[PDB]
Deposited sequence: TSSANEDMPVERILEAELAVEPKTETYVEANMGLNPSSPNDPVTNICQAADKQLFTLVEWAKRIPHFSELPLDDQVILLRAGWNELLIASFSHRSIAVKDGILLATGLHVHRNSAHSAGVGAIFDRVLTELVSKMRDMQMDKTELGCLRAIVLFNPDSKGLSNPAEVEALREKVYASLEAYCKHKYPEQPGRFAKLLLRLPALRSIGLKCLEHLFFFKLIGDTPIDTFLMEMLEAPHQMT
C-alpha cells in the first residue's frame, strides 16, 4: 500500500553563488534522509539498498525540491539556506545556461501546471524507487514500490483534476528533463571539486566519492 497522504506528510515534514549553492545542497542531504524514512516501505528495504537508492537519486531529488520551492520566485531559485539565486548571478558565475534550463524546463513548467505538493512528493518517490540503480539486491521489490507510487499518483490526479486526463502523463514527462538536468549539475559539481576553490562539505563530498 502507498497512500498519497503519507507521501504528502513526508514532503510537509521536511519544509559566489556556487559556494552558497554547494552549502545549500549539503544541508538538504541531511533533510533528504529524513524524507526518505517517511516514504512508506522505504525503511523496510535492506540498509544497503536504501544507501544505493539515495546515492543514485539524491541529485534529482534535491533539484525537484528546490525547483518546486522556487515557483513564486521571479527569474530565480530559493535555496534551503534562505538565499536566492537569480539569472544575473548565475550568468555572472559562468553557469547561466544550466540555470536557464532549470527555470524553463522545471520551475516554469511546475508553475504553469500548478504542480501541487502531493504530485511533487509522488514524483520524488518514483525517482527514489529507481529499479535501474546498480547493485540493488532486489530490483523487483524496488520496482514494485515504484509501481505502487504511480498507481497512487494516477488515482490522485484523476480524482483531484478530473478534466485534465493528460495530467498524470505530463507529470511523468518532466522526469527526462530532471534526469538530464541532474547529470549536467553533477558534471559541474565534479568540476568545482577538481578546481578545489569551492568549499564542499562532508555529506556532499561523500556523495561524490567513487563506488
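**Student:** Hey, which stretches of the deposited sequence didn't make it into the model?
**Tutor:** Unmodelled stretches, in sequence order: 1-6, 22-40, 237-240.
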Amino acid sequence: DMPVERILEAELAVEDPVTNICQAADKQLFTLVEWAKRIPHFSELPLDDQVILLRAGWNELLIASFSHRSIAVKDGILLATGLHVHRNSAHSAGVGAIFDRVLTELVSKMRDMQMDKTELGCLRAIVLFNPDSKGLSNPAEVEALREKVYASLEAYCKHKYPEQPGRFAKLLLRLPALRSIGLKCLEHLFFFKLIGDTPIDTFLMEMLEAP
From here on, numbers count along this sequence of modelled residues.
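**Student:** Could you check which stretch, 58-66 or 45-53, carries the larger mean CA temperature factor in the entry?
**Tutor:** It is 45-53.
**Student:** Which of the two stretches, 89-97 or 129-137, shows the higher mean Cα temperature factor in the record?
**Tutor:** It is 129-137.
**Student:** At the C-alpha atoms, which of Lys184, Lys27, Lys158, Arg174 reaches the highest B-factor in this entry?
**Tutor:** In this record, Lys158 carries the highest C-alpha B-factor of the candidates.
**Student:** What third of its chain's C-alpha B-factors does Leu83 belong to: lowest, middle or highest?
**Tutor:** Highest third, going by the recorded CA B-factors of the chain.
**Student:** Using the temperature factors of the C-alpha atoms in this entry, rank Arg146 within its chain: lowest, middle or highest third.
**Tutor:** Answer is middle: the recorded C-alpha B-factor places it there.
**Student:** In terms of the CA temperature factor given in the entry, to which third of its chain does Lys74 belong: lowest, middle or highest?
**Tutor:** Its C-alpha B-factor belongs to the highest third of this chain's values.
**Student:** Would the CA B-factor of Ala10 place it in the lowest, middle or highest third of its chain?
**Tutor:** Ranked within chain, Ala10 CA B lands in the highest tercile.
**Student:** Taking the values exactly as deposited, rank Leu194 by C-alpha B-factor within its chain and report the matching third: lowest, middle or highest.
**Tutor:** Highest third - that is where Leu194 ends up once the chain's C-alpha B-factors are sorted.
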